[PDB]
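Read the single chain below, which is given as structure tokens and is the form deposited in one PDB entry.
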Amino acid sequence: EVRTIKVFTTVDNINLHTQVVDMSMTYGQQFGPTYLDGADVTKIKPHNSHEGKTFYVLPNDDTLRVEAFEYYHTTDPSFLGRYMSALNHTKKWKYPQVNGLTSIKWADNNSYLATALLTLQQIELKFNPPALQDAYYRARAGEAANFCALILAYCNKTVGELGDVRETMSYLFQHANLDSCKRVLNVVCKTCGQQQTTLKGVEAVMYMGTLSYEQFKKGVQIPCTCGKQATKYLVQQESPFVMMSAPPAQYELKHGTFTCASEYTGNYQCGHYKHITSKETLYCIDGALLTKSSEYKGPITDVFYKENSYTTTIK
């Protein structure tokens, strides 16, 4: 008087939980919201082909809420749905190899994700949420759909929003292991004197104000609360890279003095991005398009550099 089939539910595709489903009911009445391979199967009953398949569900109990925090570092119950929604788009994007890197063919306002994807393939980063690191790896190999969909979900951005590459990175670094990154800087006032300031994690590897990492060790002008103009410089830096950002402006990029950079053209919040990377020569990745040049002069807003351990000589 009731027929049933075996299926496995999961919130991380890693702890599979055996269930038996009633072929006269929908996955919705039995499980709550259900996805099979991204497809919202909530309003559908079990077709017989489903035996043995794995389905994604929302974390209804407290075990799953833990199983899900461990995989994604989220408690937000909308996460699964926002992600599954982005994945419906990103599974259709193309992800070519350009210049030995995984890019994204232009689609639905995704210039800023491609510049972000390209940059992540060129700096040293371990992400803490296993969902991020698995998609990171798989994106290195060309299967970037899940990686991009997770970025959209972590950013509470959605396909078709135009993004900001610096902020996209800052959303992601919060779940990266930068716990041994250290930045010590010294700010010096003609009046007040000198104050050392020592910051760490995400704050140790990100700066907004100047693009030149060289300028940053020499000294950069910052206003002082006490009123005069002060000078801030870098005295120590342990971290494998550094992000230097500043609002778009014409800037020259010299082969071999940097890792890669975000070129942004247009106005606040409606411009386009392209990716500049320093290899044997300068390369410009625009989604599926690439160009080469000896030198580059143009509108740059982030420049990434390599570091291991720096110490100023300024006494």
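A residue's number is simply how far along the shown sequence it sits, counting from 1. The term rigid core refers to the maximal set of C-alpha atoms that superpose within 1.5 Å between the two forms.
The same protein also has a form deposited in another entry, omitted here; what follows describes it.
*Asks:* Residue 46: after superposing the rigid core, is there a C-alpha shift of 2 Å or more between the shown form and the other one?
*Replies:* Where the cores coincide, residue 46 still shows a C-alpha shift between the shown form and the other one that is 2 Å or more.
*Asks:* Quick one: core overlaid, is residue 33 moving 2 Å or more at the Cα between the shown form and the other one?
*Replies:* Where the cores coincide, residue 33 still shows a C-alpha shift between the shown form and the other one that is 2 Å or more.
*Asks:* Is residue 55 one of the residues whose C-alpha moves 2 Å or more between the shown form and the other one after the core fit?
*Replies:* Yes: residue 55 shifts by at least 2 Å between the shown form and the other one.
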